[PDB]
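Okay, structure.cif now, which holds mmCIF, N, CA and C atoms:
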data_final
#
loop_
_atom_site.group_PDB
_atom_site.id
_atom_site.type_symbol
_atom_site.label_atom_id
_atom_site.label_comp_id
_atom_site.auth_asym_id
_atom_site.auth_seq_id
_atom_site.Cartn_x
_atom_site.Cartn_y
_atom_site.Cartn_z
ATOM 1 N N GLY N 1 -2.251 4.418 6.990
ATOM 2 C CA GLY N 1 -1.730 3.207 6.385
ATOM 3 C C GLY N 1 -2.836 2.238 6.178
ATOM 4 N N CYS N 2 -2.653 1.321 5.292
ATOM 5 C CA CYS N 2 -3.651 0.329 5.020
ATOM 6 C C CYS N 2 -2.973 -1.012 4.997
ATOM 7 N N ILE N 3 -3.727 -2.043 4.803
ATOM 8 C CA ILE N 3 -3.183 -3.344 4.603
ATOM 9 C C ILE N 3 -2.956 -3.501 3.114
ATOM 10 N N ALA N 4 -1.780 -3.949 2.754
ATOM 11 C CA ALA N 4 -1.430 -4.156 1.373
ATOM 12 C C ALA N 4 -2.175 -5.359 0.842
ATOM 13 N N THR N 5 -2.480 -5.349 -0.414
ATOM 14 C CA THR N 5 -3.220 -6.415 -0.971
ATOM 15 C C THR N 5 -2.361 -7.652 -1.154
ATOM 16 N N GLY N 6 -2.894 -8.762 -0.733
ATOM 17 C CA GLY N 6 -2.143 -9.987 -0.682
ATOM 18 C C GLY N 6 -1.800 -10.321 0.755
ATOM 19 N N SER N 7 -1.932 -9.334 1.619
ATOM 20 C CA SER N 7 -1.691 -9.516 3.021
ATOM 21 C C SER N 7 -2.990 -9.877 3.753
ATOM 22 N N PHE N 8 -2.829 -10.449 4.929
ATOM 23 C CA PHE N 8 -3.920 -10.894 5.788
ATOM 24 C C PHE N 8 -4.698 -9.702 6.353
ATOM 25 N N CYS N 9 -5.998 -9.773 6.296
ATOM 26 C CA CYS N 9 -6.829 -8.718 6.824
ATOM 27 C C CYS N 9 -7.702 -9.261 7.944
ATOM 28 N N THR N 10 -8.208 -8.377 8.760
ATOM 29 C CA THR N 10 -9.224 -8.750 9.689
ATOM 30 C C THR N 10 -10.557 -8.166 9.208
ATOM 31 N N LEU N 11 -10.460 -7.035 8.510
ATOM 32 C CA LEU N 11 -11.585 -6.349 7.912
ATOM 33 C C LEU N 11 -11.162 -5.792 6.555
ATOM 34 N N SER N 12 -12.072 -5.810 5.594
ATOM 35 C CA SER N 12 -11.847 -5.289 4.241
ATOM 36 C C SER N 12 -11.502 -3.797 4.264
ATOM 37 N N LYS N 13 -12.032 -3.123 5.272
ATOM 38 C CA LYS N 13 -11.847 -1.692 5.511
ATOM 39 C C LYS N 13 -10.384 -1.338 5.614
ATOM 40 N N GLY N 14 -9.650 -2.211 6.251
ATOM 41 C CA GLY N 14 -8.237 -2.000 6.476
ATOM 42 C C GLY N 14 -7.417 -2.079 5.208
ATOM 43 N N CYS N 15 -7.943 -2.729 4.211
ATOM 44 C CA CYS N 15 -7.242 -2.933 2.959
ATOM 45 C C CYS N 15 -7.353 -1.688 2.094
ATOM 46 N N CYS N 16 -6.273 -1.320 1.396
ATOM 47 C CA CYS N 16 -6.331 -0.165 0.479
ATOM 48 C C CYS N 16 -7.426 -0.299 -0.575
ATOM 49 N N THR N 17 -7.656 -1.504 -1.061
ATOM 50 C CA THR N 17 -8.670 -1.727 -2.061
ATOM 51 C C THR N 17 -10.099 -1.747 -1.483
ATOM 52 N N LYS N 18 -10.220 -1.725 -0.137
ATOM 53 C CA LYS N 18 -11.521 -1.837 0.561
ATOM 54 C C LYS N 18 -12.189 -3.175 0.286
ATOM 55 N N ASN N 19 -11.398 -4.130 -0.114
ATOM 56 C CA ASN N 19 -11.890 -5.435 -0.430
ATOM 57 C C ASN N 19 -10.955 -6.471 0.122
ATOM 58 N N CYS N 20 -11.478 -7.346 0.905
ATOM 59 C CA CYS N 20 -10.728 -8.448 1.401
ATOM 60 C C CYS N 20 -11.544 -9.687 1.165
ATOM 61 N N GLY N 21 -10.899 -10.736 0.731
ATOM 62 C CA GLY N 21 -11.595 -11.939 0.393
ATOM 63 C C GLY N 21 -11.961 -12.766 1.587
ATOM 64 N N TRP N 22 -12.721 -13.813 1.344
ATOM 65 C CA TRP N 22 -13.151 -14.743 2.365
ATOM 66 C C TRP N 22 -11.955 -15.540 2.893
ATOM 67 N N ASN N 23 -10.851 -15.456 2.175
ATOM 68 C CA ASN N 23 -9.622 -16.135 2.532
ATOM 69 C C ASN N 23 -8.811 -15.288 3.496
ATOM 70 N N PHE N 24 -9.365 -14.119 3.844
ATOM 71 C CA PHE N 24 -8.772 -13.174 4.795
ATOM 72 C C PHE N 24 -7.555 -12.469 4.253
ATOM 73 N N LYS N 25 -7.482 -12.338 2.961
ATOM 74 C CA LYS N 25 -6.416 -11.588 2.346
ATOM 75 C C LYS N 25 -7.024 -10.482 1.507
ATOM 76 N N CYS N 26 -6.431 -9.312 1.559
ATOM 77 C CA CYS N 26 -6.936 -8.161 0.846
ATOM 78 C C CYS N 26 -6.837 -8.376 -0.655
ATOM 79 N N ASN N 27 -7.948 -8.205 -1.345
ATOM 80 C CA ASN N 27 -8.041 -8.489 -2.771
ATOM 81 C C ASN N 27 -8.300 -7.214 -3.536
ATOM 82 N N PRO N 28 -7.991 -7.197 -4.829
ATOM 83 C CA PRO N 28 -8.279 -6.049 -5.697
ATOM 84 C C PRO N 28 -9.790 -5.894 -5.931
ATOM 85 N N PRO N 29 -10.238 -4.749 -6.444
ATOM 86 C CA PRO N 29 -11.665 -4.557 -6.727
ATOM 87 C C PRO N 29 -12.091 -5.342 -7.951
ATOM 88 N N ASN N 30 -13.289 -5.887 -7.892
ATOM 89 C CA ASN N 30 -13.871 -6.701 -8.953
ATOM 90 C C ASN N 30 -13.002 -7.912 -9.258
ATOM 91 N N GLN N 31 -13.006 -8.824 -8.339
ATOM 92 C CA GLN N 31 -12.266 -10.062 -8.448
ATOM 93 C C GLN N 31 -13.185 -11.203 -8.098
#
Whole structure, structure tokens version:
Amino acid sequence: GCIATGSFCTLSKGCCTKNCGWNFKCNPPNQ
């Protein structure tokens, strides 16, 4: 499982997109 994008992350790794913003939410690639 991963963290859904738009959800709070602790690490970008956890996010399906492998990208989490500085706002601590998983973001899409190239944003």
Point to revise | Who sits within 8 Å of stretch 1-7 of chain N, only C-alpha atoms, same chain under 4 positions skipped, as number ranges by chain | key: N: 14-17, 25-28
For the file shown, what are the residues hit by the PyMOL selection byres ((chain N and resi 24) around 7), laid out as a short mmCIF file (atom, residue, chain, number, x, y, z; two decimals) with N, CA and C atoms, keeping the file's coordinate frame?
data_model
loop_
_atom_site.label_atom_id
_atom_site.label_comp_id
_atom_site.auth_asym_id
_atom_site.auth_seq_id
_atom_site.Cartn_x
_atom_site.Cartn_y
_atom_site.Cartn_z
N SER N 7 -1.93 -9.33 1.62
CA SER N 7 -1.69 -9.52 3.02
C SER N 7 -2.99 -9.88 3.75
N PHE N 8 -2.83 -10.45 4.93
CA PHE N 8 -3.92 -10.89 5.79
C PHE N 8 -4.70 -9.70 6.35
N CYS N 9 -6.00 -9.77 6.30
CA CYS N 9 -6.83 -8.72 6.82
C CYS N 9 -7.70 -9.26 7.94
N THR N 10 -8.21 -8.38 8.76
CA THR N 10 -9.22 -8.75 9.69
C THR N 10 -10.56 -8.17 9.21
N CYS N 20 -11.48 -7.35 0.90
CA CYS N 20 -10.73 -8.45 1.40
C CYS N 20 -11.54 -9.69 1.16
N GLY N 21 -10.90 -10.74 0.73
CA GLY N 21 -11.60 -11.94 0.39
C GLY N 21 -11.96 -12.77 1.59
N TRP N 22 -12.72 -13.81 1.34
CA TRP N 22 -13.15 -14.74 2.37
C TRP N 22 -11.96 -15.54 2.89
N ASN N 23 -10.85 -15.46 2.17
CA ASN N 23 -9.62 -16.14 2.53
C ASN N 23 -8.81 -15.29 3.50
N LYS N 25 -7.48 -12.34 2.96
CA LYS N 25 -6.42 -11.59 2.35
C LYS N 25 -7.02 -10.48 1.51
N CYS N 26 -6.43 -9.31 1.56
CA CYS N 26 -6.94 -8.16 0.85
C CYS N 26 -6.84 -8.38 -0.66
#
Using all atoms of stretch 1-6 of chain N listed in the file and a margin of 4 Å per side, can you give the axis-aligned box centre and edge lengths in Å to one decimal, as lines of an AutoDock Vina configuration file?
center_x = -2.6
center_y = -3.0
center_z = 2.9
size_x = 10.3
size_y = 22.7
size_z = 16.1
Check your understanding: Interatomic distance between atom C of residue N:18 and atom N of residue N:30?
Key ->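 Taking atom C of residue N:18 and atom N of residue N:30, their separation equals 8.7 Å.
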